[PDB]
Each structure stands twice: as structure tokens, then as C-alpha cells.
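> Chains as they are written, first to last, in the deposited numbering: chain L, 1 to 29, 36 to 57, 65 to 72, 74 to 80, 83 to 109, 114 to 232; chain H, 1 to 9, 11 to 30, 35 to 59, 62 to 72, 74 to 110, 113 to 144, 147 to 229. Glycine included, C-beta positions come from ideal geometry on N, C-alpha and C. One structure is given below, represented as C-alpha cells, and several questions about it will come after.
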């Protein structure tokens, strides 16, 4: 069967600009390729079918081109409701194959993350739990690393990370890093720090506390 | 009026059987075939196959032969997806889409979430996150939602009256249970002046937990 590969899984561009999404096939598919859009909420709708032809209801800003093994989806001017993941689908031969998918994201100025550390809740400790939560909100670009130091020693095990999608308003990102461990493991030390390494700073941002 | 309505979410144990329906309406059911698309959480779309609504003949892809089966009941205009001997890899959202000319998938369903896990239904433990005892123009609060099953859960701040400056992070799996957290950033003059309450509702266990964030001391 044919392998459909979209060389770029992620793509950044400013609003109002022209964007293009490439879709390569392992073999020639004779312009038998369609494009789909999956909004962040999950809903999937058809945009372009048979390489160039637009579907009914699709804005005229969308267009498709390409032939042989290389095809492309092009938006004349990027709109806020166009921020989604786009999949290409061939139908020249069965079985039908979708592409890897390309997520569209908005470009903005770099922003330093606001780091906030939170010691285990008093209510959680009464149940034997002790999760140390560290918030890293509103930053750009997406790439960022977190390091957990406990009494000066780096903790790599037991770290739970979660990243949000690009913020709808200011186009920033946020991460939640939780150090999940029991009350016994928590009371074995006292110095819990949360280091944040980002593009915007040469020196990492540190947030810590003590059990004092 | 053309739409495809699937069944609700499913919770199955490894080895069990699941059946997903796909109600068709607004058009003559025997005029177009029905496709099935799989999407693992955090992954792309995978075309499973399609079934002819006249001959009742399925056409599977490479990695969907043996435990998968397409069926339909024309008298009710509904296509069925069935997966036997469920495995952990089957945990995904399954879409159904009406086939058309030019090999396009049109009028997609809302998708049916299938979760293969041995975990039982568990109510979330909601904990308030107050900052350390100490400065600054703004202050960030938090709310921890730990160990629940299954999805989804809804988290609001002050019953919705506090919407701006809120970051609710996607649920992350840990030992077959979900864990979620949320942060809210407000001015330093409004807290602890006003009350900031965390509202967490888990419909799977009929749980509605309110949790005020109290200062440490």
C-alpha cells in the first residue's frame, strides 16, 4: 500500500499570511488526493478533493495543487478559524491512506514563562499523597525543558508533564510539571526546586520552597 | 439534514467485545457506503476500511484484519463496527464517514471513544493549590484533580465568573488513572480579598466538588 508522509508535523505562521502544506506519496497517485481539516475540538470536514477542486461550503481562500507524487494545500490568507490539523488522503488505490498530519500554529514574539511552584496540599498529605506541582504559563516558542531538583539532586523519575494547545488569545503555550510521590518520600527532603530552561533566557528560571 | 450519529463512549476490559453504531439520516442509506477511521489519542487519522451498503461486503486495510468486522442493518439505516478480543492498542476514537464520488469521506460522525483499561470508575480527588507564604503585581493559584476514571471532567473557577487568566491542562494517564490540573492568575489585590473557588464536576461518578483556595498559615 501507498505511504503518505507529510514532512512537517508542525508549522508556524502569522495570521493573514500565505501558508502551504506539503503531501508526498511513495508512488504516483495521478492527482487522486483529498484534503481534510480537523478542528482542535475533533470535528473533521472535507476541504479539497481531486487535488484542486474545492468542496461545497469551503472558503475561496483554500486551494490545492500538485501532480504525480507531490501535492500541496495552500491558504491565501490565514484566518483564526483555520488553526487546525490538516490531513491528506489518497484514493488512487485501496486501501486508502491518510497523511501524518500537519498542525497549524500562529507565530508571535518570544515570551518568558511565568513559573509557579506549589507544595503538596494539606488535604492531600492526610491521604498519604504529596504531589509537587509546578506551573509554566504563557511562553513562546513551544520548546521548553523542566528540571526537578530535590535537596540539590536532580529528580528525573516520577515526573508528570502536560502541555496545553496554543492559547486562543495571545498565542502562547503553557506546561504543568507535577512531581508525584508519597508523603514518606516527601518528608525525606525539604528543598524542592523547579528549573525552567527556555529560549528567552540564558540562565534558567528557578522556583523553590522549603518544608521549614 | 444529512448527518451521521454514532453511539456513546465505551469502557471495556482487555479481551472483551465492543460494538459501535452509526445512525444515518437525511439521505437514502443504500446510495453510499460507510467508512471507518481510527484515531489513537495524540495521533493522526487511520483509515480502517469501508462497507458496501448494498452487498454488505467489507473492505479492510492492512492492520485491521482478523479481529475487526463491518456489519449493517439497512432496515434501520445503521452501520456497525465490532472489535473482538480487545487490546490496549485499540484504545482510540473511531469515526464513521459516508463515502462519495472521487473517493472522499463526507459527513463525518462525532466519533465514538473506546477505552481499553482494567481500571474501575473512580471519583477524582480535588486538592487546592495555594502559593508559598511569600509579593508581585499578580498571583497564581492552582487546583489539582488527581486519580479519576474515565474521561471527561469539567473544571471551572468561581462557577464561571472567573474566566480570564485560566490554564486548564489536558488529562495525563498514570497507572490506568487520569490526572488533571488547572492554574488561575489574578491580581494580588483581589486575593485573598475575594474568594477563589475551584469547581470540579465528574459526571461518570456523579461528583461535584467545590474547593476554596485558602492561604497557608
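Kindly list, in the order they appear in chain H, the residues whose Cβ is closer than 8 Å to that of residue 157 of chain L.
What residue 157 of chain L touches in chain H: 152, 179, 195 and 197.
> Entirely within the region 118-145 of chain L and at least 4 residues each: give me those alpha helix (DSSP H) ranges in chain order.
Complete alpha helix (DSSP H) runs here, min 4: 142-145.
> Since residue 75 of chain L and residue 93 of chain L are thought to touch, with beta carbons under 8 Å apart, how far apart are those beta carbons, to the nearest angstrom?
Yes, they are in contact, since the Cβ atoms of residue 75 of chain L and residue 93 of chain L sit about 6 Å apart, within 8 Å.
> Which residues bound the beta strand (DSSP E) around residue 81 of chain H?
76-81 is the span of the beta strand (DSSP E), which, as asked, contains residue 81 of chain H.
> What residues in the region 152-184 of chain L bring their beta carbon closer than 7 Å to a beta carbon of chain H?
Listed in sequence order: 153, 155, 157, 180, 182 and 184.
> Is there contact here, the region 150-157 of chain H with the region 119-132 of chain H, by at least three beta-carbon pairs under 8 Å?
Judged by Cβ distances under 8 Å, the region 150-157 of chain H makes no contact with the region 119-132 of chain H, as fewer than three pairs qualify.
> So, helix, strand or coil for residue 175 of chain H, using DSSP?
Here residue 175 of chain H sits in coil by DSSP.
> What residue from L/85, L/39, L/207 and L/48 has the CA that sits closest to residue 231 of chain L's CA?
Cα-wise, what sits closest to residue 231 of chain L is L/207.
> Excluding sequence positions up to five away, which residues of its chain have a Cβ less than 7 Å from the Cβ of residue 229 of chain L?
Excluding sequence neighbours, residue 229 of chain L sits near 137, 139 and 212.
> Quick one: Cα of residue 316 of chain H to Cα of residue 5 of chain H, how far?
One cannot answer for residue 316 of chain H here, as it falls past the ends of chain H, which runs 1 to 229.
> With a threshold of 8 Å between beta carbons, is residue 144 of chain L in contact with chain H?
Taking Cβ atoms only, chain H reaches closer than 8 Å to residue 144 of chain L, which makes this a yes.
> Based on the DSSP secondary-structure assignment, which residues constitute the bridge partners of residue 76 of chain L?
For residue 76 of chain L, which the question treats as bridged, DSSP gives the partners L/91.
> Looking only at its chain, what residues have a beta carbon closer than 6 Å to the beta carbon of residue 213 of chain H, apart from the 5 residues adjacent to it on each side?
Here the set comprises 166 and 220.
> Say whether chain B places a C-beta atom closer than 8 Å to the C-beta of residue 204 of chain H.
Looking for chain B here will not work: the only protein chains present are L and H.
> For the ligand HEM, is there any heavy atom lying closer than 7 Å to the beta carbon of residue 226 of chain H?
Absence of the ligand HEM is noted for the structure shown, with no ligands found whatsoever.
> Determine the burial state of residue 198 of chain H: buried for a count of at least 16 other Cβ atoms within 10 Å of its Cβ, exposed for fewer.
Counting Cβ neighbours within 10 Å, residue 198 of chain H comes out buried, since at least 16 surround it.
> Under 8 Å, with one C-beta from each stretch per pair, do the region 128-135 of chain L and the region 81-89 of chain H reach the 3-pair mark?
Short answer: they don't touch.
> So who's on the other strand from residue 52 of chain H, going by DSSP bridges?
Answer is H/42.
> Given that residue 234 of chain L touches chain H, what residues does it touch there, using C-beta distances under 7 Å?
Because chain L here runs from 1 to 232, residue 234 of chain L falls outside it and cannot be looked at.
> At a Cβ cut of 9 Å, what residues of the region 192-217 of chain L count as close to chain H, listed as they run along the chain?
From the region 192-217 of chain L, only 194, 195, 196, 198 and 200 have a Cβ closer than 9 Å to chain H.
> Taking the C-alpha atoms as reference points, what is the distance between residue 18 of chain L and residue 91 of chain L?
Near 6 Å, if we compare the C-alpha coordinates of residue 91 of chain L and residue 18 of chain L.
> Between residue 53 of chain L and residue 44 of chain L, is the Cβ-Cβ spacing less than 8 Å?
Result no, Cβ atoms of residue 53 of chain L and residue 44 of chain L do not sit closer than 8 Å.
> Quick one: list the residues of chain L neighbouring residue 131 of chain H, beta-carbon separation under 7 Å, in chain order.
Those do not exist, as residue 131 of chain H stays about 19 Å from chain L at its closest Cβ, beyond 7 Å.
> Could you spell out the range, first to last residue, of the alpha helix (DSSP H) harbouring residue 17 of chain H?
Where residue 17 of chain H is concerned, there is no enclosing alpha helix (DSSP H), given that its DSSP letter is neither H nor E.
> The region 36-52 of chain L: which residues have C-beta closer than 8 Å to a C-beta of chain H, in chain order?
Here the close residues are 38, 40, 42, 44, 48, 49, 50, 51 and 52.
> Taking Cβ-Cβ distances shorter than 8 Å, what residues in chain H pair up with residue 120 of chain L?
Neighbours of residue 120 of chain L on chain H, chain order: 49.
> Under DSSP, the beta strand (DSSP E) around residue 97 of chain L begins and ends at which residues?
Neither: residue 97 of chain L is in no beta strand (DSSP E) and is coded neither H nor E.
> In the DSSP assignment, find the unbroken beta strand (DSSP E) run with residue 160 of chain H in it and report its ends.
Segment 150-160, the beta strand (DSSP E) holding residue 160 of chain H.
> Closer than 8 Å, CB to CB, is residue 160 of chain H near chain L or not?
By this cut-off, residue 160 of chain H is not an interface position.
> Apart from the five residues on each side of it in sequence, which residues of its chain come closer than 7 Å, Cβ to Cβ, to residue 96 of chain H?
Contacts found: 15 and 126.
> Taking residue 115 of chain L as the query, report the chain H residues whose CB atoms sit under 8 Å from its CB, ordered along the chain.
Neighbours of residue 115 of chain L on chain H, chain order: 52, 54, 66, 67, 68 and 69.
> Under 8 Å, Cβ to Cβ, is there at least one residue of chain H near residue 1 of chain L?
Judged by the 8 Å Cβ criterion, residue 1 of chain L is in contact with chain H.
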